[PDB]
Structures are given as structure tokens and as C-alpha cells.
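Next up: a single chain in C-alpha cells, the form deposited in one PDB entry.
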């Protein structure tokens, strides 16, 4: 029984409360497709999980013939390596390496730092980084003076302990930017996104697969339109790992037979 870990990140993973009798509400899409829901335990109630990644997990489950239990990441983070001396990963990366999870099914960004300790599938989503703001405030992009040389007058940050945080730490050139960001980062994208609507946050550097969808739904928000950096999401497995080849082979098959497009049509478009 595979222990799947994941994280609240719409439109890839929705997390909604359980009905009184321990079950999930049955729902169909507007195009008449059943919205598959799985029980996911998380911070420790059972809850209802569905979305882009859940559909993908179900296909991977049935294609490779395995059962699973899904739980939400304990600390709520994607995962960066931090010092203790010794080092340890937090977030979903920590739970995968520690055995709390056998496989990560989430919008987990593939990068060099994580790829040295875990195995990544071929990407199930091709993607990038962009900036989300409120309608009214307009920014050139990644090179607007309001972010290059920052200030307290214009605030901008990303999600704490995420791939974006890793991206802005490793670069000697983004030092001035990351200085402003580390004192303003958020524990989750939803909190940051909500902060932009509340005007307490002025810009949000985050995953375009999330930000653009958040703009197509919440019309009180828009993004830059640019993609200043491109990255992909992958399935995370331990270094062993008997599932690495077939999970990856199944991601490639799902792209080629239109499955990934139908997922994109259901959740991201």
C-alpha cells in the first residue's frame, strides 16, 4: 500500500471537508464528467481530495495496479534543505526521504537540488514562474524597478520553503531581491494570493500553472503574462525505486494519448 503525500494547491489538489458520514460529495463537471474524490488525511481529520494531481494519481494507480492512502504534508510545505552539522529536508521532500511517504503526487518542481536526493519522473506539466498582482497595479515584469531595487513601499514575496525560494537563494544576482523577499514570504500560496486581494501583498512570484488559473477565476487579479523562468512538475519517488520507470513511462503515455490535455481542460483551462 503506497503512502502518497500531497499538498493543498489549486487547481492541482483541492481539499474540502468530509460529509457527516465520512464520505465525499459526488460531483460532475459542467461537461458531464465525474469528479473523482479520494480520502486524504491532513492537519488529523480525513478530508476530500480532488484535482489535477488526484486524477493523475488515480490513472497511475490503475495503470500500475496499486492501492494507496493519501495524506497532506505535515508542515504544509513543498520542501527545502535546511541546516540542523547535519542537514535535513522539510516539507514533502522531508517526508519522502524519511519514509512517511512512498511517492509525492503534487505540483512538485523538478530542480537540481531535489534531484540529488530523490528520483523525479518525466514532467507531467510543463510550466514556469510568473508574477501575480491585483488589478490596478501594473508592473513591467521581473525587471520593474519596484522589484529590482526594492523598498518598503512595494512588497513582494513567494511561498516559504518552496522551489521558488531555492531559485532566489542560489543566484548571486538575485541577492537584493531575495533580501526583500525572505522578510515577507508566506506559509502557503493561498495565504499569499489572499494577501494580494487584501492589498497587504503587492506582488507574488509563484508557479504560473497556479497564478494564471488564479487569474482566470479571480478577476480581481492578473499576472504579468511573462514567464521569466521555466520549470516542470514531476512525480517524486525515493532513490530506489521500483516505481520510477513505470510511473515515468506512464506520464509519457498520458501526454501522448491526450489524457494530460483532458486533465488540463478539466482543471487548468
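Numbering follows the first chain given and starts at 1.
Omission of residue 121 is seen in none of the other entries compared for this protein where the adjacent residues are built, far below a third. Checked against the other entries of this protein, residue 140 counts as resolved in every one of those spanning it, not missing from a third of them.
In this entry, residue 84 and residue 85 are separated by 1 to 3 residues of the deposited sequence that lack coordinates. In this entry, residue 43 and residue 44 are separated by 10 or more residues of the deposited sequence that lack coordinates.
Look at the C-alpha B-factors of 7-15 and of 20-28. On average they run higher in 20-28. Stretches compared: 159-167, 135-143. Higher mean C-alpha B-factor in the entry: 135-143.
Considering 130, 98, 176, 109 together, the PDB entry gives 176 the largest C-alpha B factor. Taking only the listed residues 55, 212, 69, 240, the entry reports the highest CA temperature factor at 240. Ranked against the other modelled residues of its chain, the C-alpha B-factor of residue 263 as given in the entry falls in the lowest third. Per the deposited record, the Cα B-factor of residue 152 falls in the highest third when ranked against the other modelled residues of its chain. In this PDB entry, residue 88 carries a Cα temperature factor that places it within the middle third of its chain's modelled residues. Residue 196 sits in the highest third of its chain by CA B factor, as recorded in the PDB entry. When the modelled residues of the chain are ordered by their C-alpha B factor, residue 34 lands in the middle third.
Beyond what is shown, the protein has a form deposited in another entry; the following relates to that form.
When the chain is split into two rigid parts to describe its motion between this form and the one not shown, residue 37 and residue 168 fall into separate parts.
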